[PDB]
């Protein structure tokens, strides 16, 4: 009976599929960092030998294939309801075989990003020379198709963020920022989902808001390319255009958030007059927090952090 225990982290094969060959290419597969919300602290599932859970997503639209496969199952002993648990966290309408999934691949040419283009950037390839092209969009639930797309996307929070939980999309104070990569296929330019960030537009009495970063997910294949830095920079630059925004902060200031934040705020602030070599040496001044707030909606306390870093650099 213990011979029917399978670790679920390694059993759940995720894929982002651009071309048919991606189905057969194990390099394209990645795996959950967390499955405890479905399978407990032990991250094991009872009842199956050779358990394979397939969640294949078409790279842009995230149209989904979901299949459970196994060598054998125990079915007066009852296997864990793997299917049922996964169905809690993914929308209906998934297909269940590779043929139907490949059919969806043909229609992917028509998939277009949701919302407003805010920024376009290039990342250099590891090999060097080739640039990949990326775009950040701001979307909301008024954009046709986005709600369904967000349901397909958010599942990933479960696999890669430890304390992850789904948001209430009917709350209009949610802002969505999406990252896409442009890629070529047979002469056409298609879009691939890279990541996203949800930002909550907290009300501040009486006429102001204070955006707070809630979640940010960069999908595993795109990690270590600087997407989070672009995403946060873009969000700061976006909300700067609104006088009614006080500042931008994070709900959950992790070590990695703080590292990312310190990177971006230094990038944004080093070329400002108030943070010049000469002005830094005179000490920290309220002027610095003022200018940082006006120019990039940087929190008063965050500007103190930037000051220390910049003053060390000098």
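Residue numbers count along the first chain shown, from 1.
Visitor: Missing residues between residue 75 and residue 76 in the deposited sequence, please: none, 1 to 3, 4 to 9, or 10 or more.
Guide: Gap between residue 75 and residue 76: 4 to 9 residues without coordinates.
Visitor: Higher average CA B factor in the deposited record is what I'm after, so tell me if that's 153-161 or 107-115.
Guide: Mean B over CA atoms: larger for 107-115.
Visitor: May I ask you to compare 121-129 and 192-200 by their mean CA B factor in the entry and name the higher one?
Guide: Per the PDB record, 121-129.
Visitor: Which has the highest CA B-factor per the PDB entry: 98, 209, 234, 214?
Guide: Highest CA B-factor of the listed options: 98.
Visitor: Check the PDB entry and point out which of 253, 40, 32, 47 has the largest C-alpha temperature factor.
Guide: Of the candidates given, the C-alpha B-factor peaks at 47.
Visitor: Select lowest, middle or highest to describe the third in which the CA B-factor of residue 27 falls within its chain in this entry.
Guide: For residue 27, whose C-alpha B-factor we compare with every modelled residue in the chain, the answer is the highest third.
Visitor: Is the Cα B-factor recorded for residue 260 in the lowest, middle or highest third of its chain?
Guide: For residue 260, whose C-alpha B-factor we compare with every modelled residue in the chain, the answer is the lowest third.
Visitor: Check where residue 228 lands among this chain's C-alpha B-factors and tell me if it's the lowest, middle or highest third.
Guide: Tercile = lowest for this residue's CA B-factor.
Visitor: Comparing residue 268 with the other modelled residues of its chain, is its CA B-factor in the lowest, middle or highest third?
Guide: Its C-alpha B-factor, which the entry lists for residue 268, ranks in the middle third among residues of this chain.
Visitor: Could you say whether, by C-alpha temperature factor, residue 184 belongs to the lowest, middle or highest third of its chain?
Guide: Middle third of the chain for residue 184's C-alpha B-factor.
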